[PDB]
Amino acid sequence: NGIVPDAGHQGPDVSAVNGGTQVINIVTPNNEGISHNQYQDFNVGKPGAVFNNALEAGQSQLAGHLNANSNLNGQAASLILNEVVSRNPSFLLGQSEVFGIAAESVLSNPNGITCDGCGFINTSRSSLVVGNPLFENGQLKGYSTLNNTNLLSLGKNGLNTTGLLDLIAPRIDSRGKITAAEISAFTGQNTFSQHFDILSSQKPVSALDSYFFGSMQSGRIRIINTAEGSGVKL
């Protein structure tokens, strides 16, 4: 079980279907259209993971036939926010599919995220955030990598998506091919809006250096580092 939901009211139902593929019946979206899911563990293996954002039954790419997600109450999520609330880092070694209505997804894990041969299907924008979401009375305000020196790692087998990609972390170490419509990498200790506008920054006590090996197959690449003194190594 790569993905283990939190026991609380934001923990989605997670099941394994033959092959080891995980199916996540994401929790009911709030009024902002955000399905806020909380996890003790979030890891995707080679068999992949399917997030059920479907209003009607159909064929998924990774898990075959699935019924609709009745949690949706007739309205699909605009954003699937996957928040790790434990101390466990995340490893993504396979494809994450949004089944049903295309949506944005965010994985937040302040303990670290590693993507090695991972990818995203039917996801308009995928963000990996080594940090925490920011909430104000239940409403999503943005994200934080403050007080954090952990790593977003991208392995030799790379990352693929046909949609937009955001890479947000105190530091990034990438060793493979990143394929995306657009790539946005924001490094350092920062607070962000919901749209990853940088709102504030800390200077780390020690250097937070990022490294990009390999390649980027994308028509538009942006790298923003706010750690004064720290560099981007290629």
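Just count from 1 along the sequence shown to find any residue number.
If you take the mean CA temperature factor per stretch, which one wins between 114-122 and 73-81?
It is 73-81.
Should the higher mean CA B-factor in the entry be assigned to 184-192 or to 49-57?
Averaged over C-alpha atoms, the B-factors run higher in 49-57.
For the CA B factor values reported in this entry, which option in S210, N18, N25, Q10 has the top one?
Going by the entry's C-alpha B-factors, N18 comes out highest.
From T149, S96, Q139, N109, pick the one with the largest CA B-factor in the entry?
Answer for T149, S96, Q139, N109: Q139, with the highest C-alpha B-factor.
Rank-wise, by C-alpha B-factor, drop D173 into the lowest, middle or highest third of its chain.
For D173, whose C-alpha B-factor we compare with every modelled residue in the chain, the answer is the middle third.
Against its chain's modelled residues, does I101's Cα B factor rank lowest, middle or highest third?
Tercile = highest for this residue's CA B-factor.
Select lowest, middle or highest to describe the third in which the CA B-factor of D166 falls within its chain in this entry.
Middle third.
Sort the modelled residues of this chain by their C-alpha B factor and say whether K203 lands in the lowest, middle or highest third.
For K203, the deposited C-alpha B-factor lands in the middle third.
Classify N37 as lowest, middle or highest third according to the C-alpha B-factor given in the PDB entry, relative to its own chain.
It belongs to the lowest third of the chain when residues are ordered by C-alpha B-factor.
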